[PDB]
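All remarks here apply to the structure that follows.
With ideal geometry, Cβ positions are generated from the backbone for all residues, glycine too; neighbour counts draw on all protein chains shown. The numbers here are math on the coordinates, done by the rules we state, and not lab data.
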Amino acid sequence: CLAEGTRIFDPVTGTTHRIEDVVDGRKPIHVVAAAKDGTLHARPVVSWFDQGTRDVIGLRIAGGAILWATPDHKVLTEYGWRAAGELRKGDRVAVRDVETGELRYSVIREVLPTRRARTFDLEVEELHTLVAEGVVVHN
């Protein structure tokens, strides 16, 4: 689940939407999806649900790029899918590059202890996956 504050760039509109705003108003919009091929494809949202308030961790990546998600949220690492609570300053994550638009790999900058905030839930067509804070991790 994604925490409030996470930005979501839409390929259809080309702007930046906030999950807190997209879910609260279940807005029929689109998002970027990822497959096992590593390629990015736009996909519509067909479900919006609130996950309640729970503890979440903050993953800081080089460039300031940060992502807040639940410990059960799986992150796309070099070794497949790994729970966020299993990430330590040294784990590399895939982040979308606006320069080449293509997928790129970067190292973490610092791990942020658990906190507390509202969390949301989405459903991307079938390719359960969405781009959040430039980072690609299951919905």
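What number of residues in the stretch 97-139 are assigned to a strand (DSSP E or B) and either among the β-branched types (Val, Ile, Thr) or free of Cβ contacts under 8 Å to residues at least 24 places away in the same chain (or both)? Steps first, please.
Our first condition is that a residue be assigned to a strand (DSSP E or B); within the stretch 97-139, this holds for 103-112, 117-124, 130-132, 135-137.
Then keep just the ones that are either among the β-branched types (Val, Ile, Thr) or free of Cβ contacts under 8 Å to residues at least 24 places away in the same chain (or both); that gives 104, 107-108, 111, 119, 124, 131, 135-137.
So the count comes out to 10.
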Self-check item: From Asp50, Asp10, residue being closer than 14 Å to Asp121 by Cα and surrounded by 12 or more Cβ atoms within 10 Å (Cβ to Cβ)
Solution: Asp50
Quiz item: Where residues in the stretch 13-47 are loosely packed, with under 15 Cβ neighbours inside 10 Å, among the small types (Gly, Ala, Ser) and touching a strand residue (DSSP E or B) at 6+ places or on another chain (Cβ under 6 Å), which of them is nearest to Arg88 (Cα to Cα)?
Solution: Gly38
Quiz item: When you go through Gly80, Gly134, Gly64, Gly58 one by one, which is the residue that is exposed (fewer than 15 other Cβ atoms within 10 Å of the Cβ) and under 30 Å from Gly25 (Cα atoms)?
Solution: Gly64
Practice problem: Within the stretch 1-37, work out how many residues are touching a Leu at 6+ places or on another chain (Cβ under 8 Å), within 11 Å of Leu130 (Cα to Cα) and in a loop (DSSP other than H, G, I, E, B). | Solution: 1
Quiz prompt | Whichever residue in the stretch 45-81 is of a type in the set (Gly, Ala, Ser) and outside any loop (DSSP other than H, G, I, E, B) and, among such residues, is nearest to the chain's Cα centre (by Cα) | solution = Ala69
Exercise. Confirm whether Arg115 is exposed (fewer than 15 other Cβ atoms within 10 Å of the Cβ) and touching a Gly at 6+ places or on another chain (Cβ under 8 Å).
Key: yes
